[PDB]
Every structure is written in C-alpha cells, then in structure tokens.
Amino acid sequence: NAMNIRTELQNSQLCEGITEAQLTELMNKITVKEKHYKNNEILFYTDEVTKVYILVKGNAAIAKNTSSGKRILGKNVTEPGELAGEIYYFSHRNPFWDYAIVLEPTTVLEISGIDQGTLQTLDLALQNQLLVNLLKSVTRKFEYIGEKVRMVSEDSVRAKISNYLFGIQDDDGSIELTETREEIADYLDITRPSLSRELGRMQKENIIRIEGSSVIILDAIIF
C-alpha cells in the first residue's frame, strides 16, 4: 500500500537522519514507484539513467559485453536501501560499463523528479540533509574501482566435456581431436572461453593432458 512505500524510503540511504515530517514534504514532490525485475533483466543502461533507483531486495550488478566476451560483472548491489547507478543520473560521458543487470528476483524503487529544479521548493535543512546522504552514497562507490571482475559461469560443463570425449574415445581408451576449439564450443552449446577454462582445471587436477591433437585420459574413475 501507500504506507509500505513510505517506510521503505525512510530506511534507505537517501533518507537517513530526516524526521517523519521532512519525509512527507519530500514525497509531495517526487514520484516513487515499486517495480519488480526477474532474473537476467536489464535494470537500466548507463547511457540512459532517467530515474534514481533504490534497492529493496535482490541483487543487481553492473555489466559489460566484450566484443567476443559474453559478459563481465563489476561490483553488485545487495544491501537494501542502497542507491544503484545514481552517479550516471547526474553525469555520464563514456562509462566503462554499459548497463546494470539483475541476477535474482529483485524489487527496486524508482524516484522521479530528483533534480535541482524540483528540490528548490523544499526546506533548507532538508535539502542540506539530502545532499549529505547523496554525497555519502557517491563517496562509497569510488571504492569499487579496485574490485576484482569476473565473468558469467556456465553451470555444468565438466560433464558436457567428458561426454564429448567419451564419444570421440577410441576402443583402446585414447582420444584424437579432429575439431577446432570454436567447433567444439558450438557443438556443446557453450562459449569458447568457458570451454578452455574447464580444460585448464582438468589439466590442473591431473585428469587429462592435451598433447597436440591427443587428449590422454589420466583418471577415468571420476570421468
């Protein structure tokens, strides 16, 4: 109901240190809609951030697509009440990232009208408090530049690789590869970087050994 959206904003980072009265004045000047997003949906694009997003429940990570890479993930946002992508709402030029994607069932809040023009008709002490909350929120996001980046995993692949090698397996238990890496990736319906990654683990833990065009099975018990 209308009271539910109010309490979610009072507990957010944007409204810390404000009273119950200052909250009523602000909501008479902004539009707050509760929208839900499913897995792998796009929350916003860094080039077109038209509203301020507040996280209620879920997981939202900023992302990017390399030319041949599937998707790289920056630091995600999981804490309720934390603003997401509010920096691109004020200034954007050539952002390294392209969009923020959702990873699980997620609910957010869209704040419309957060701009100097609308905020001018507010209490002086209220404006000072909101600018501090925004400054505090933008301040903490400068620590994200040193976060280790990853890719998108492909669930079961070690079984799909072993099944391919079980087919191409000769009667003597040996394997001679006759297809390229890009061909094997398309047949397994996976990406080439993820195909060569699991082969690295299987060589690390000493299960297989790829010598030229031969795949020597060192341990078929797990296989």
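Residue numbers run from 1 along the displayed sequence.
Mean CA temperature factor is higher for 147 to 155 when stretches 147 to 155 and 104 to 112 are set side by side in the entry. Looking at mean Cα B-factors across 27 to 35 and 62 to 70, the upper value is held by 62 to 70. For the set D172, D186, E176, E179, the maximum C-alpha B-factor listed in the entry falls on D172. In the PDB entry, a CA B factor belonging to the middle third of its chain's modelled residues is recorded for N128.
In this PDB entry, the Cα temperature factor of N40 sits in the top third of its chain's modelled residues, the highest group. Among the modelled residues of the chain, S137 sits in the lowest third by CA temperature factor in this PDB entry. Sort the chain's modelled residues by C-alpha temperature factor and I216 lands in the middle third, per the entry. When all modelled residues of the chain are sorted by CA temperature factor, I5 is found within the lowest third.
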